[PDB]
Amino acid sequence: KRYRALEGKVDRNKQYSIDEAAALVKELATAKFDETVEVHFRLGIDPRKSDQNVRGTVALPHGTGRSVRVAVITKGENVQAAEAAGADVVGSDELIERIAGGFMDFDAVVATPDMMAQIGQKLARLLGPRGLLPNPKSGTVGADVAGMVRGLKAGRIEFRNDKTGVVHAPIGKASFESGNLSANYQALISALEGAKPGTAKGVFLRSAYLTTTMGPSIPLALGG
RNA sequence: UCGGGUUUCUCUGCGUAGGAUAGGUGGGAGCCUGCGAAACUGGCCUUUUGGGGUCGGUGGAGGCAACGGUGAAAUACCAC
């Protein structure tokens with residue numbers, strides 16, 4: 001159990017908005033190690049059609065307690081511009097053997113302009129239908145594997161949708177401040193309520209709830 | 001008796017592989033002694049293919065997830 005002195009201070013009938021929940025989120029987590037509290041939203045527009053899934057990304061503010069994940073595949077003057085920085089698993093053309101041998105937990109596997117065919121002639125039989133490839137309009141295309149892979153540096157990417165009616169993206173950690181849990185919360189209603197491709201209904205935001213390693217939830221308010 | 005709603009309580013979810021239905025994210029490695037995990041017999045619920053609960057004989061009480069297995073995710077520990 002262990003449900004008091006952290007839920008006794010919790011009532012699921014009042015409010016705790018932006019400048020208030022931020023000074024009461026790192027609190028409701030007197031459990032074990034570092035404890036992050038989720039930020040819940042509800043995509044319940046119409047959860048059973050192909051044009052209601054948010055097929056886009058989000059970019060976290062500062063620097064989380066994590067790192068940077070990008071398995072580059074390059075050759076030439078792109079190896080010293082991709083190993084002397086801090087990406088992930090970089091070498092040469094043998095990165096088709098590191099992503100077809102027995103491990104695919106890597107992220108945005110980059111390439112080279114004239115070497116896109118390395119992830120299109122050799123890894124379009126396996127890595128083809130994975131939706132994690134470099135193309136000339138989305139993530140990282142061209143010789144931009146040092147400037148806009150910084151969108152994979154300063155911002156936890158993440159792209160997912162479901163079949164029920166719950167969508168909750170993380171802020172990172174609570175190992176910061178009471179003005180930085182609401183600074184990470186200025187990029188979640190700033191990069192997640194913009195999914196309107198084909199058809200939708202009326203009124204989007206309704207309320208908000210929470211989640212930890214021992215809860216709980218004080219319904220977050222909304223406004224200016 | 002019927003019409004439904006709301007709220008407390010109650011759980012099915014195998015087109016794929018994956019030993020045993022993972023239902024989702026974060027703390028993804030810890031505590032749990034304070035709120036439905038093992039399968040011998042003519043089963044209800046999923047339908048006499050395997051699988052949570054069983055009514056009772058039958059009678060190892062400490063563990064599991066995982067590296068592996070594995071996939072845009074994994075079978076457990078805490079909640080929405």
# chains A, B, ... in the order shown; residues from 1 in each chain; ligands from 1

call {"tool": "residues_around", "arguments": {"residues": "residue A:127", "least_positions_apart": "6", "cutoff": "10 Å", "atoms": "only C-alpha atoms (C1' of nucleotides)", "output": "number ranges by chain"}}
result
A: 96, 99-100, 104, 109, 119-120, 133

call {"tool": "write_last_selection", "arguments": {"atoms": "N, CA, C and O atoms", "output": "PDB file, in the first residue's frame"}}
result
ATOM      1  N   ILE A  96      25.410  -1.533 -41.926  1.00  0.00           N
ATOM      2  CA  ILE A  96      24.319  -2.333 -42.468  1.00  0.00           C
ATOM      3  C   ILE A  96      24.440  -3.735 -41.867  1.00  0.00           C
ATOM      4  O   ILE A  96      23.473  -4.496 -41.813  1.00  0.00           O
ATOM      5  N   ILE A  99      23.055  -3.350 -38.256  1.00  0.00           N
ATOM      6  CA  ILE A  99      21.595  -3.213 -38.247  1.00  0.00           C
ATOM      7  C   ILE A  99      20.952  -4.225 -39.214  1.00  0.00           C
ATOM      8  O   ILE A  99      20.090  -3.876 -40.025  1.00  0.00           O
ATOM      9  N   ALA A 100      21.405  -5.476 -39.120  1.00  0.00           N
ATOM     10  CA  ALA A 100      20.841  -6.606 -39.857  1.00  0.00           C
ATOM     11  C   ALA A 100      21.502  -7.891 -39.369  1.00  0.00           C
ATOM     12  O   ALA A 100      21.348  -8.953 -39.970  1.00  0.00           O
ATOM     13  N   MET A 104      18.422  -4.154 -33.245  1.00  0.00           N
ATOM     14  CA  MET A 104      17.760  -2.976 -33.803  1.00  0.00           C
ATOM     15  C   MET A 104      17.057  -2.132 -32.740  1.00  0.00           C
ATOM     16  O   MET A 104      15.889  -1.775 -32.894  1.00  0.00           O
ATOM     17  N   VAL A 109      18.444   6.165 -37.611  1.00  0.00           N
ATOM     18  CA  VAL A 109      19.626   5.729 -38.349  1.00  0.00           C
ATOM     19  C   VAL A 109      19.868   6.630 -39.562  1.00  0.00           C
ATOM     20  O   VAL A 109      19.181   6.515 -40.577  1.00  0.00           O
ATOM     21  N   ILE A 119      20.566   2.448 -47.183  1.00  0.00           N
ATOM     22  CA  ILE A 119      19.379   2.096 -46.413  1.00  0.00           C
ATOM     23  C   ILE A 119      18.166   2.103 -47.346  1.00  0.00           C
ATOM     24  O   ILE A 119      17.075   2.542 -46.978  1.00  0.00           O
ATOM     25  N   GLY A 120      18.383   1.609 -48.564  1.00  0.00           N
ATOM     26  CA  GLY A 120      17.355   1.561 -49.589  1.00  0.00           C
ATOM     27  C   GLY A 120      17.592   0.459 -50.608  1.00  0.00           C
ATOM     28  O   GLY A 120      16.676   0.080 -51.337  1.00  0.00           O
ATOM     29  N   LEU A 133      13.755   5.699 -41.034  1.00  0.00           N
ATOM     30  CA  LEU A 133      14.758   5.946 -42.077  1.00  0.00           C
ATOM     31  C   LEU A 133      14.893   7.428 -42.465  1.00  0.00           C
ATOM     32  O   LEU A 133      13.952   8.203 -42.287  1.00  0.00           O
TER      33      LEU A 133
END

call {"tool": "interface_residues", "arguments": {"of": "chain A", "to": "chain B", "cutoff": "9 Å", "atoms": "only C-alpha atoms (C1' of nucleotides)", "output": "PyMOL selection string"}}
result
chain A and resi 1-2+31-38+40+129-132+160+162+166-170+209-217

call {"tool": "write_last_selection", "arguments": {"atoms": "N, CA, C and O atoms", "output": "CSV table (one decimal), in the first residue's frame"}}
result
chain,number,residue,atom,x,y,z
A,1,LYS,N,0.8,-1.2,0.0
A,1,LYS,CA,0.0,0.0,0.0
A,1,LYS,C,0.9,1.3,0.0
A,1,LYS,O,1.3,1.7,-1.1
A,2,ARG,N,1.1,1.8,1.2
A,2,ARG,CA,1.8,3.1,1.4
A,2,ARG,C,1.1,4.2,0.6
A,2,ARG,O,1.6,4.7,-0.4
A,31,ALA,N,9.0,7.7,-2.9
A,31,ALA,CA,9.1,6.2,-3.1
A,31,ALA,C,10.5,5.7,-3.1
A,31,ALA,O,11.0,5.4,-2.0
A,32,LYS,N,11.1,5.6,-4.3
A,32,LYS,CA,12.4,5.0,-4.4
A,32,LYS,C,13.5,6.0,-4.9
A,32,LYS,O,13.8,7.0,-4.3
A,33,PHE,N,14.0,5.7,-6.1
A,33,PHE,CA,15.1,6.5,-6.8
A,33,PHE,C,14.5,7.9,-7.3
A,33,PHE,O,13.6,8.4,-6.7
A,34,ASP,N,15.1,8.4,-8.4
A,34,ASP,CA,14.5,9.5,-9.1
A,34,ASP,C,13.1,9.1,-9.6
A,34,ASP,O,12.9,8.0,-10.1
A,35,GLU,N,12.1,10.0,-9.4
A,35,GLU,CA,10.8,9.6,-9.7
A,35,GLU,C,10.1,10.7,-10.6
A,35,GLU,O,9.9,11.8,-10.2
A,36,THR,N,9.8,10.3,-11.8
A,36,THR,CA,9.2,11.2,-12.8
A,36,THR,C,7.7,11.1,-12.8
A,36,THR,O,7.1,10.0,-12.6
A,37,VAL,N,7.0,12.2,-12.8
A,37,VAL,CA,5.5,12.2,-12.9
A,37,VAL,C,5.0,12.5,-14.3
A,37,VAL,O,5.3,13.6,-14.8
A,38,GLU,N,4.2,11.6,-14.8
A,38,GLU,CA,3.7,11.8,-16.2
A,38,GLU,C,2.9,13.1,-16.4
A,38,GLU,O,2.6,13.8,-15.5
A,40,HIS,N,-0.5,13.7,-18.5
A,40,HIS,CA,-1.6,13.0,-19.3
A,40,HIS,C,-2.4,13.9,-20.2
A,40,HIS,O,-2.8,15.0,-19.8
A,129,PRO,N,10.1,-1.3,-43.8
A,129,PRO,CA,8.9,-0.9,-43.1
A,129,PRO,C,9.1,-0.8,-41.6
A,129,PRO,O,8.5,-1.5,-40.8
A,130,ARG,N,10.0,0.2,-41.2
A,130,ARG,CA,10.2,0.4,-39.8
A,130,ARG,C,9.9,1.9,-39.4
A,130,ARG,O,9.8,2.2,-38.2
A,131,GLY,N,9.8,2.7,-40.4
A,131,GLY,CA,9.5,4.1,-40.2
A,131,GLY,C,10.6,4.9,-39.4
A,131,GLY,O,10.2,5.8,-38.6
A,132,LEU,N,11.8,4.5,-39.6
A,132,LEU,CA,12.9,5.0,-38.8
A,132,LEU,C,14.1,5.5,-39.8
A,132,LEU,O,15.2,5.6,-39.3
A,160,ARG,N,4.0,7.9,-31.1
A,160,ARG,CA,3.1,6.8,-30.9
A,160,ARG,C,1.6,7.1,-30.7
A,160,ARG,O,1.3,8.2,-30.3
A,162,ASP,N,-2.6,5.1,-30.0
A,162,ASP,CA,-3.2,3.9,-29.4
A,162,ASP,C,-4.6,3.6,-29.9
A,162,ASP,O,-5.2,4.2,-30.7
A,166,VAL,N,-6.0,7.1,-24.4
A,166,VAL,CA,-5.0,7.7,-23.4
A,166,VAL,C,-3.7,8.0,-24.1
A,166,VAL,O,-3.0,7.1,-24.7
A,167,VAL,N,-3.2,9.3,-24.0
A,167,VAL,CA,-1.9,9.6,-24.6
A,167,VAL,C,-1.1,10.5,-23.6
A,167,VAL,O,-1.5,11.7,-23.4
A,168,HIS,N,0.0,10.0,-23.1
A,168,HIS,CA,0.8,10.7,-22.1
A,168,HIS,C,2.3,10.8,-22.5
A,168,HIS,O,3.0,9.8,-22.4
A,169,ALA,N,2.8,12.0,-22.8
A,169,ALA,CA,4.2,12.2,-23.1
A,169,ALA,C,4.9,12.8,-21.9
A,169,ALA,O,4.4,13.6,-21.2
A,170,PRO,N,6.2,12.3,-21.7
A,170,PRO,CA,7.0,12.7,-20.5
A,170,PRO,C,7.6,14.0,-20.7
A,170,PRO,O,7.8,14.5,-21.8
A,209,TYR,N,-4.6,14.6,-15.8
A,209,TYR,CA,-4.4,13.8,-14.6
A,209,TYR,C,-2.9,13.4,-14.5
A,209,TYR,O,-2.0,14.0,-15.2
A,210,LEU,N,-2.5,12.5,-13.6
A,210,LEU,CA,-1.1,12.2,-13.3
A,210,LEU,C,-0.8,10.7,-13.2
A,210,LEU,O,-1.6,9.8,-13.3
A,211,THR,N,0.5,10.4,-12.9
A,211,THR,CA,1.1,9.0,-12.8
A,211,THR,C,2.5,9.0,-12.3
A,211,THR,O,3.3,9.8,-12.7
A,212,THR,N,2.8,8.1,-11.3
A,212,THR,CA,4.2,8.0,-10.8
A,212,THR,C,4.5,6.5,-10.4
A,212,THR,O,3.8,5.6,-11.0
A,213,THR,N,5.4,6.3,-9.5
A,213,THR,CA,5.7,4.9,-9.1
A,213,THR,C,5.0,4.7,-7.8
A,213,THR,O,5.2,3.6,-7.1
A,214,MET,N,4.1,5.6,-7.4
A,214,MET,CA,3.1,5.4,-6.4
A,214,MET,C,2.0,6.5,-6.5
A,214,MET,O,1.5,7.0,-5.6
A,215,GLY,N,1.7,6.8,-7.8
A,215,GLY,CA,0.7,7.8,-8.1
A,215,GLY,C,1.1,9.2,-7.6
A,215,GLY,O,2.3,9.4,-7.3
A,216,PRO,N,0.2,10.1,-7.3
A,216,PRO,CA,-1.3,9.8,-7.6
A,216,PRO,C,-1.8,10.7,-8.8
A,216,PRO,O,-1.3,10.5,-9.9
A,217,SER,N,-2.7,11.6,-8.4
A,217,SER,CA,-3.3,12.5,-9.5
A,217,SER,C,-4.1,13.6,-8.8
A,217,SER,O,-5.1,13.4,-8.2

call {"tool": "residues_around", "arguments": {"residues": "stretch 177-194 of chain A", "least_positions_apart": "2", "cutoff": "10 Å", "atoms": "only C-alpha atoms (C1' of nucleotides)", "output": "MDAnalysis selection string"}}
result
chainID A and resid 17:26 37 39:41 43 54 56:62 155 167:175 196:197 204:205

call {"tool": "write_last_selection", "arguments": {"atoms": "N, CA and C atoms", "output": "tab-separated table (two decimals), in the first residue's frame"}}
result
chain	number	residue	atom	x	y	z
A	17	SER	N	-2.85	24.11	-11.65
A	17	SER	CA	-2.53	24.43	-13.04
A	17	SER	C	-1.04	24.37	-13.42
A	18	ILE	N	-0.55	25.42	-14.07
A	18	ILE	CA	0.82	25.45	-14.59
A	18	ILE	C	1.86	25.89	-13.55
A	19	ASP	N	1.63	27.03	-12.91
A	19	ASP	CA	2.56	27.56	-11.92
A	19	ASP	C	2.38	26.94	-10.53
A	20	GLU	N	1.45	26.00	-10.41
A	20	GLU	CA	1.12	25.38	-9.12
A	20	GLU	C	1.52	23.91	-9.04
A	21	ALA	N	1.18	23.14	-10.08
A	21	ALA	CA	1.53	21.72	-10.12
A	21	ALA	C	3.04	21.54	-10.18
A	22	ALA	N	3.72	22.50	-10.79
A	22	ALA	CA	5.18	22.46	-10.93
A	22	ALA	C	5.90	22.52	-9.59
A	23	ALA	N	5.23	23.08	-8.58
A	23	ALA	CA	5.78	23.13	-7.23
A	23	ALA	C	5.11	22.08	-6.34
A	24	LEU	N	4.56	21.05	-6.96
A	24	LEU	CA	3.93	19.94	-6.23
A	24	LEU	C	3.94	18.64	-7.04
A	25	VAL	N	4.86	18.53	-8.00
A	25	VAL	CA	5.02	17.31	-8.82
A	25	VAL	C	6.19	16.43	-8.36
A	26	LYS	N	7.32	17.06	-8.04
A	26	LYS	CA	8.48	16.35	-7.51
A	26	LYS	C	8.23	15.88	-6.07
A	37	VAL	N	6.96	12.21	-12.85
A	37	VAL	CA	5.50	12.21	-12.88
A	37	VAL	C	4.99	12.54	-14.28
A	39	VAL	N	2.62	13.36	-17.70
A	39	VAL	CA	1.73	14.46	-18.08
A	39	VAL	C	0.68	13.92	-19.06
A	40	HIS	N	-0.53	13.69	-18.55
A	40	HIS	CA	-1.59	13.01	-19.29
A	40	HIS	C	-2.43	13.92	-20.20
A	41	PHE	N	-2.69	13.45	-21.41
A	41	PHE	CA	-3.64	14.08	-22.33
A	41	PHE	C	-4.57	12.99	-22.88
A	43	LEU	N	-6.42	11.83	-26.39
A	43	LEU	CA	-6.80	11.82	-27.80
A	43	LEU	C	-7.98	10.88	-28.03
A	54	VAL	N	-1.47	10.77	-34.54
A	54	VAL	CA	-0.46	11.83	-34.60
A	54	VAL	C	0.89	11.29	-35.06
A	56	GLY	N	3.73	12.49	-35.94
A	56	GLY	CA	4.75	13.53	-35.86
A	56	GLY	C	5.51	13.45	-34.55
A	57	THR	N	6.49	14.33	-34.37
A	57	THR	CA	7.36	14.27	-33.20
A	57	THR	C	7.26	15.48	-32.27
A	58	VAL	N	7.91	15.38	-31.11
A	58	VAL	CA	7.95	16.45	-30.11
A	58	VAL	C	9.40	16.70	-29.70
A	59	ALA	N	9.74	17.95	-29.37
A	59	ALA	CA	11.11	18.29	-28.98
A	59	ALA	C	11.20	18.87	-27.56
A	60	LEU	N	11.72	18.07	-26.63
A	60	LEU	CA	11.95	18.51	-25.25
A	60	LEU	C	12.85	19.74	-25.18
A	61	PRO	N	12.63	20.60	-24.17
A	61	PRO	CA	13.40	21.83	-23.96
A	61	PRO	C	14.90	21.60	-23.70
A	62	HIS	N	15.30	21.65	-22.43
A	62	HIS	CA	16.71	21.61	-22.05
A	62	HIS	C	17.37	20.24	-22.25
A	155	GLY	N	16.01	17.24	-27.30
A	155	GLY	CA	14.59	16.95	-27.46
A	155	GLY	C	14.24	15.48	-27.65
A	167	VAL	N	-3.19	9.27	-24.04
A	167	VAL	CA	-1.89	9.65	-24.60
A	167	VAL	C	-1.10	10.54	-23.64
A	168	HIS	N	0.01	10.02	-23.14
A	168	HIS	CA	0.80	10.74	-22.13
A	168	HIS	C	2.30	10.81	-22.45
A	169	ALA	N	2.77	12.00	-22.83
A	169	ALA	CA	4.18	12.22	-23.14
A	169	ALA	C	4.93	12.75	-21.92
A	170	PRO	N	6.16	12.28	-21.71
A	170	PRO	CA	6.96	12.66	-20.54
A	170	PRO	C	7.63	14.02	-20.68
A	171	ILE	N	7.96	14.63	-19.55
A	171	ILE	CA	8.66	15.91	-19.52
A	171	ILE	C	10.17	15.69	-19.46
A	172	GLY	N	10.55	14.51	-18.98
A	172	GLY	CA	11.95	14.16	-18.80
A	172	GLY	C	12.18	13.59	-17.41
A	173	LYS	N	12.67	14.43	-16.51
A	173	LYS	CA	12.82	14.06	-15.10
A	173	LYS	C	12.40	15.22	-14.21
A	174	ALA	N	12.33	14.96	-12.90
A	174	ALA	CA	12.00	16.01	-11.94
A	174	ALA	C	13.27	16.48	-11.23
A	175	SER	N	14.42	16.08	-11.76
A	175	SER	CA	15.71	16.45	-11.19
A	175	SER	C	16.13	17.85	-11.64
A	196	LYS	N	-3.98	17.93	-36.73
A	196	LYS	CA	-5.23	18.11	-37.47
A	196	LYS	C	-5.01	17.99	-38.98
A	197	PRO	N	-4.91	16.75	-39.48
A	197	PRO	CA	-4.67	16.50	-40.91
A	197	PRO	C	-5.93	16.50	-41.79
A	204	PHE	N	-10.99	20.48	-27.81
A	204	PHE	CA	-9.93	19.49	-27.61
A	204	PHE	C	-9.52	19.25	-26.15
A	205	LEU	N	-9.03	20.28	-25.47
A	205	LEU	CA	-8.61	20.14	-24.06
A	205	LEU	C	-9.80	20.13	-23.09

call {"tool": "residues_around", "arguments": {"residues": "stretch 41-45 of chain B", "least_positions_apart": "3", "cutoff": "10 Å", "atoms": "only C-alpha atoms (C1' of nucleotides)", "output": "ChimeraX atom specification"}}
result
/B:12,48,53-54

call {"tool": "residues_around", "arguments": {"residues": "residue A:52", "least_positions_apart": "2", "cutoff": "8 Å", "atoms": "only C-alpha atoms (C1' of nucleotides)", "output": "number ranges by chain"}}
result
A: 45-50, 54, 195-200

call {"tool": "write_last_selection", "arguments": {"atoms": "N, CA, C and O atoms", "output": "mmCIF file, in the first residue's frame"}}
result
data_model
loop_
_atom_site.group_PDB
_atom_site.id
_atom_site.type_symbol
_atom_site.label_atom_id
_atom_site.label_comp_id
_atom_site.auth_asym_id
_atom_site.auth_seq_id
_atom_site.Cartn_x
_atom_site.Cartn_y
_atom_site.Cartn_z
ATOM 1 N N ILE A 45 -10.692 11.774 -30.113
ATOM 2 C CA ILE A 45 -11.425 12.357 -31.234
ATOM 3 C C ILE A 45 -12.246 11.267 -31.920
ATOM 4 O O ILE A 45 -13.456 11.158 -31.713
ATOM 5 N N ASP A 46 -11.570 10.463 -32.735
ATOM 6 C CA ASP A 46 -12.141 9.243 -33.296
ATOM 7 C C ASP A 46 -11.020 8.212 -33.439
ATOM 8 O O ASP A 46 -10.252 8.254 -34.401
ATOM 9 N N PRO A 47 -10.922 7.288 -32.467
ATOM 10 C CA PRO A 47 -9.778 6.379 -32.304
ATOM 11 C C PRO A 47 -9.785 5.115 -33.173
ATOM 12 O O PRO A 47 -9.191 4.114 -32.767
ATOM 13 N N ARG A 48 -10.421 5.150 -34.340
ATOM 14 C CA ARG A 48 -10.453 3.974 -35.211
ATOM 15 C C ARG A 48 -10.449 4.327 -36.703
ATOM 16 O O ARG A 48 -11.095 3.655 -37.509
ATOM 17 N N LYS A 49 -9.721 5.381 -37.062
ATOM 18 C CA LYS A 49 -9.527 5.751 -38.464
ATOM 19 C C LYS A 49 -8.060 6.099 -38.740
ATOM 20 O O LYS A 49 -7.319 6.454 -37.822
ATOM 21 N N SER A 50 -7.645 6.000 -40.001
ATOM 22 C CA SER A 50 -6.231 6.138 -40.355
ATOM 23 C C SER A 50 -5.709 7.576 -40.321
ATOM 24 O O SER A 50 -4.497 7.793 -40.313
ATOM 25 N N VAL A 54 -1.465 10.770 -34.536
ATOM 26 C CA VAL A 54 -0.462 11.833 -34.595
ATOM 27 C C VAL A 54 0.890 11.290 -35.062
ATOM 28 O O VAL A 54 1.716 10.875 -34.248
ATOM 29 N N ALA A 195 -2.330 18.208 -34.058
ATOM 30 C CA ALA A 195 -2.560 17.085 -34.955
ATOM 31 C C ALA A 195 -3.927 17.205 -35.615
ATOM 32 O O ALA A 195 -4.910 16.657 -35.122
ATOM 33 N N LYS A 196 -3.983 17.934 -36.727
ATOM 34 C CA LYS A 196 -5.228 18.113 -37.468
ATOM 35 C C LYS A 196 -5.008 17.991 -38.976
ATOM 36 O O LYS A 196 -4.926 19.002 -39.675
ATOM 37 N N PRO A 197 -4.911 16.749 -39.482
ATOM 38 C CA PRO A 197 -4.669 16.502 -40.910
ATOM 39 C C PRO A 197 -5.929 16.504 -41.788
ATOM 40 O O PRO A 197 -5.978 17.263 -42.757
ATOM 41 N N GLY A 198 -6.922 15.681 -41.458
ATOM 42 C CA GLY A 198 -8.062 15.477 -42.336
ATOM 43 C C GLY A 198 -9.444 15.795 -41.789
ATOM 44 O O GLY A 198 -10.242 16.436 -42.474
ATOM 45 N N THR A 199 -9.738 15.341 -40.572
ATOM 46 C CA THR A 199 -11.066 15.532 -39.975
ATOM 47 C C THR A 199 -11.050 15.412 -38.440
ATOM 48 O O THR A 199 -10.420 14.506 -37.891
ATOM 49 N N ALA A 200 -11.738 16.330 -37.758
ATOM 50 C CA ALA A 200 -11.829 16.316 -36.293
ATOM 51 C C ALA A 200 -13.149 16.905 -35.779
ATOM 52 O O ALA A 200 -13.945 17.438 -36.552
#

call {"tool": "residues_around", "arguments": {"residues": "residue A:140", "least_positions_apart": "6", "cutoff": "7 Å", "atoms": "only C-alpha atoms (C1' of nucleotides)", "output": "short mmCIF file (atom, residue, chain, number, x, y, z; two decimals) with C-alpha atoms, in the first residue's frame"}}
result
data_model
loop_
_atom_site.label_atom_id
_atom_site.label_comp_id
_atom_site.auth_asym_id
_atom_site.auth_seq_id
_atom_site.Cartn_x
_atom_site.Cartn_y
_atom_site.Cartn_z
CA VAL A 110 21.12 8.50 -40.51
CA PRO A 134 16.27 9.21 -43.44
CA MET A 148 19.43 19.20 -37.05
CA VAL A 149 20.32 15.88 -35.44
#

call {"tool": "atom_distance", "arguments": {"atom1": "atom CA of residue A:94", "atom2": "atom CA of residue A:73"}}
result
7.9 Å

call {"tool": "select_by_dssp", "arguments": {"residues": "stretch 3-220 of chain A", "states": "strand (DSSP E or B)", "output": "ChimeraX atom specification"}}
result
/A:40-41,71,88,167-168

call {"tool": "write_last_selection", "arguments": {"atoms": "N, CA and C atoms", "output": "compact mmCIF listing (two decimals), in the first residue's frame"}}
result
# COMPACT_ATOMS: atom_id res chain seq x y z
N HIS A 40 -0.53 13.69 -18.55
CA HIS A 40 -1.59 13.01 -19.29
C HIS A 40 -2.43 13.92 -20.20
N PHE A 41 -2.69 13.45 -21.41
CA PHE A 41 -3.64 14.08 -22.33
C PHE A 41 -4.57 12.99 -22.88
N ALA A 71 22.08 6.20 -34.88
CA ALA A 71 23.04 5.25 -35.47
C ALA A 71 23.41 5.59 -36.92
N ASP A 88 25.90 7.91 -31.87
CA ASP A 88 25.74 6.51 -31.46
C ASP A 88 26.20 5.52 -32.53
N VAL A 167 -3.19 9.27 -24.04
CA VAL A 167 -1.89 9.65 -24.60
C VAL A 167 -1.10 10.54 -23.64
N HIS A 168 0.01 10.02 -23.14
CA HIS A 168 0.80 10.74 -22.13
C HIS A 168 2.30 10.81 -22.45

call {"tool": "atom_distance", "arguments": {"atom1": "atom CA of residue A:158", "atom2": "atom CA of residue A:102"}}
result
22.9 Å

call {"tool": "atom_distance", "arguments": {"atom1": "atom CA of residue A:224", "atom2": "atom CA of residue A:157"}}
result
26.6 Å

call {"tool": "decode", "arguments": {"residues": "stretch 7-18 of chain A", "atoms": "N, CA and C atoms", "output": "JSON list (two decimals), in the first residue's frame"}}
result
[["chain", "number", "residue", "atom", "x", "y", "z"],
["A", 7, "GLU", "N", -1.00, 11.21, -0.61],
["A", 7, "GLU", "CA", -2.32, 11.17, -1.22],
["A", 7, "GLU", "C", -3.34, 11.81, -0.28],
["A", 8, "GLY", "N", -2.97, 11.89, 1.00],
["A", 8, "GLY", "CA", -3.74, 12.65, 1.97],
["A", 8, "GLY", "C", -3.71, 14.11, 1.57],
["A", 9, "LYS", "N", -2.60, 14.53, 0.96],
["A", 9, "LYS", "CA", -2.46, 15.87, 0.40],
["A", 9, "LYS", "C", -3.02, 15.93, -1.01],
["A", 10, "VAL", "N", -3.74, 14.89, -1.41],
["A", 10, "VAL", "CA", -4.27, 14.79, -2.77],
["A", 10, "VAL", "C", -5.78, 14.60, -2.80],
["A", 11, "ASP", "N", -6.46, 15.48, -3.53],
["A", 11, "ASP", "CA", -7.91, 15.45, -3.67],
["A", 11, "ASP", "C", -8.27, 15.54, -5.15],
["A", 12, "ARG", "N", -8.95, 14.51, -5.66],
["A", 12, "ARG", "CA", -9.28, 14.43, -7.08],
["A", 12, "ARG", "C", -10.52, 15.23, -7.46],
["A", 13, "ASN", "N", -10.68, 16.42, -6.88],
["A", 13, "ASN", "CA", -11.84, 17.25, -7.15],
["A", 13, "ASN", "C", -11.51, 18.74, -7.31],
["A", 14, "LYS", "N", -10.28, 19.11, -6.98],
["A", 14, "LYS", "CA", -9.83, 20.50, -7.14],
["A", 14, "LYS", "C", -8.88, 20.67, -8.33],
["A", 15, "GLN", "N", -8.07, 21.74, -8.31],
["A", 15, "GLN", "CA", -7.19, 22.05, -9.44],
["A", 15, "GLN", "C", -5.76, 22.43, -9.03],
["A", 16, "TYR", "N", -4.84, 22.31, -9.98],
["A", 16, "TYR", "CA", -3.42, 22.64, -9.78],
["A", 16, "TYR", "C", -2.78, 22.88, -11.16],
["A", 17, "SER", "N", -2.85, 24.11, -11.65],
["A", 17, "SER", "CA", -2.53, 24.43, -13.04],
["A", 17, "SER", "C", -1.04, 24.37, -13.42],
["A", 18, "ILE", "N", -0.55, 25.42, -14.07],
["A", 18, "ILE", "CA", 0.82, 25.45, -14.59],
["A", 18, "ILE", "C", 1.86, 25.89, -13.55]]
